[PDB]
């Protein structure tokens, strides 16, 4: 934390943040969501980290170079240490990236190493080469060298993500799936794990071995698993919670903006809310069915009338304000909703659906006041506009994500947030073989458009190909885009250090401080 000259600090430097739900795990190679990543950034530190405004900055690596955007050499700071006092070395990164790649780990983010094109990753994922063939090596204890199979100019932006953070080999090998319990875990970020009570709280305490420990101010941070956005706001206003999660309740938001304007933070955020269609399951494997759902949903009603929090109606997967996005707004987006509805109804009639034998399916969402209200509105809009019936189903966060990976669904509420600020952070998740592809979409045409992006050494050709990739996705109606999120949350006046300038919202509790109050 960089405490401004003249600010008086509170005597007790503790923070309470709501975190939306119970995390999937604390193992960096098994997590894939925002709640998970919020805790991960406080515990595990990769090569680079985001600064307080979101810019890629030195993490364990103090400096790095690249040769032709293909060989990247990271010089690790000599005082980086784990919480047990042992040094963080390049060997930890070799072991860690190999563990991520290894199919026995079954990481949902194994494909992150494909997104960065580390050498031999395809073969390793396929089981043709052992994980030790991965294109990473420790040149010495403090030098980690990564070899890619093609030039990737933005490669270093990828390194702030939890999947490429180090994990402690000795704890992993000795305790297996219990390595992350408090008595066994070993961490290298600014914090250490104090307590973990499922469905109650996660409590982290300052890690005195952290290399930048002298600049850490908060001594303890608690993460809560409250999925009700109304309850989160109530516990914030009662004084229990210092920072809500960044899902706001439809019930209270308009009132909050007029009641405590200086505490309602609303900033740009590179996330898209959509309905994820299971593309491999009939009748959702018919493009006419997907197109009808896409068109018949009324984004103006949802965005400006039911939610009205500042979100923008969406027509793509990649947010248009992503660095490198120059998207073409499809013609259907400029039509009236009435014209969209007619096209939608016509397509379902063509697909065989009638009043007597309508289209009825499930709409799965994770337990939430906001998602439930949105799903209710969507079900009503689809019923009225297209004659389709939906059965809403809620599941807790961890289970919900597992269901989407299983493909044991029809349509699911969804939100993808960038991992790095470049269009492939979204687009790579729709590749046929991506470990993140829970839409279960497989398009050779889409795949080829993306593969071609690193075969040009030109940004304009790259941007045009991303635009074309979004046009292929839209053509196939792989998803139902709803809105581009804004990052809206409540933050007490005494919480210093939160700029809201990072469109990825990669907060580190080591950067915050409690002002005397």
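Here, rigid core means the biggest group of C-alpha atoms that superpose within 1.5 Å across both forms. Residue numbers count along the first chain shown, from 1.
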{"query": "Greater root mean square CA deviation, 230 to 238 compared with 267 to 275 in 9 other deposited structures of this protein, core aligned", "finding": "267 to 275"}
{"query": "Greatest C-alpha divergence in 9 other deposited structures of this protein once each structure is fitted on the rigid core, 137 to 145 or 291 to 299", "finding": "291 to 299"}
{"query": "Residue range whose averaged C-alpha B-factor is higher in the record, 508 to 516 or 4 to 12", "finding": "4 to 12"}
{"query": "195 to 203 versus 345 to 353 - greater average Cα B-factor per the deposited record", "finding": "345 to 353"}
{"query": "Candidate set 226, 256, 243, 376 [ranked by C-alpha B-factor, highest]", "finding": "256"}
{"query": "Residue with maximal Cα B-factor (values as given in the PDB entry) among 162, 189, 387, 423", "finding": "387"}
{"query": "B-factor third for the C-alpha atom of residue 48 within its chain", "finding": "lowest"}
{"query": "Assigned third (lowest, middle, highest) for the C-alpha B factor of residue 488", "finding": "middle"}
{"query": "Position of residue 123 among the chain's modelled residues by C-alpha B-factor, lowest, middle or highest third", "finding": "highest"}
{"query": "Residue 68 - Cα temperature factor, lowest/middle/highest third of chain", "finding": "highest"}
{"query": "Among modelled residues of the same chain, the CA temperature factor third for residue 20", "finding": "lowest"}
